[PDB]
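Enquirer: Sharing a structure, written as structure tokens. Questions coming.
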Ligand SMILES: O=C1C=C2C[C@]3(O)COc4c(ccc(O)c4O)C3=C2C=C1O
């Protein structure tokens, strides 16, 4: 017998009641801009399926970021483009400013707004309790928005959250693994960075939903308030579930698997062993305690749950008392 089917408990049918053209990205016709508007300045990063450059728009001398998409299935390129356009103008969603191509070689490239990112491996060291709450709330705005628009990000991690700290400016980037949610659809579990993979991915439960992103966010939260980056550090996908089991415990893991009738690789049960559930307080020490509060642990504890159906929605998260001080301070008359 197979696994129990599942569906999202929020935003379940958003693509169902939207026009075909909204989610049918294969039929999207790209509106191409002008490649000669942009000059490459320096290479920023080497993706495995792209390269990213700082660049200037020479029509207004504004910095931008250009991502060149070498070979790759056109269908993947169209998915990212349709998702970026669907989401543009959404809170803290990176803005796709242009789409261009070599008119001769046909090689496509995405142009994004420039964000003067703080290093991250450095930034988290200097963040205050208030700073983390503020930026968590901003990330949640992005996730609630893209989930409300029927899209799963599927690659939430600190590298995909650009933060211009001196402008209190946050953008969620890298929508290259993002996908439209359709209830009942069996998805590829080969998404997210190892450290931020939800348990559903790690046990090959394919019928997942937006709640995958909330696990990844939980992992980020833990790493920030406990000053341990990344928080769950497995040496591979199997080990990664072991690192989670050693904190959340094996009993709730086995209840999860049992609830969904999931069927585990035989050798999993040998390396999972048996582990009690650990109190979050066990990770609090002199050096990170100023970032930790009981509201923070209650909040974290409601994100990091095996059962994807059990995790907070972004909307519920935003209502948590952890964010009380940032919500008062954000009600802006402008
Ligand atoms: O799939 C991707 C991938 C990236 C990687 C990357 O190109 C890196 O660097 C960026 C950026 C966006 C804005 C920005 O300011 C910046 O520095 C990125 C993306 C957006 C996407 O949808």
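Please read every residue number as a count from 1 along the shown chain.
Even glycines carry a Cβ here, placed using N, Cα and C.
Annotations for this protein, taken from Swiss-Prot, read as follows:
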ACT_SITE  155  active site, proton acceptor
BINDING   44, 45, 46, 47, 48, 49, 50, 51, 52, 67  ATP binding site
REGION    35-40  region 'Interaction with beta subunit'
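Could you tell me the structural context for the features on the list?
Expert: Neighbour list (residue 155 (active site, proton acceptor), Cβ cut-off 8 Å, at least 6 residues apart, same chain): 174, 176, 177, 178, 191, 192, 193, 196, 216.
Residue 52 (ATP binding site) counts 19 other C-beta atoms within 10 Å of its own C-beta, drawing on all protein chains shown.
Proximity of distant same-chain residues to the region 'Interaction with beta subunit' (35-40), defined by a Cβ-Cβ separation under 8 Å and at least 6 residues beyond the stretch ends, is recorded for 53-59, 64, 66, 98, 100-103, 109, 111.
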Enquirer: Minimum Cβ neighbour count within 10 Å among the binding-site residues 44, 48: which residue?
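Expert: Comparing Cβ neighbours within 10 Å for the binding-site residues 44, 48, 48 has the fewest.
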Enquirer: Run through the region 'Interaction with beta subunit' (35-40) and tell me, per DSSP, how many residues are helix, strand and coil.
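Expert: Secondary-structure composition of the region 'Interaction with beta subunit' (35-40): 3 helix, 3 strand, 0 coil.
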Enquirer: Neighbours of the ATP site 44, 45, 46, 47, 48, 49, 50, 51, 52, 67: Cβ within 8 Å of the Cβ centroid, same chain, sequence order.
Expert: 68
Enquirer: Measuring CB to CB from residue 46 (ATP binding site), give everything in the same chain under 8 Å that is also at least six residues away in sequence.
Expert: 52
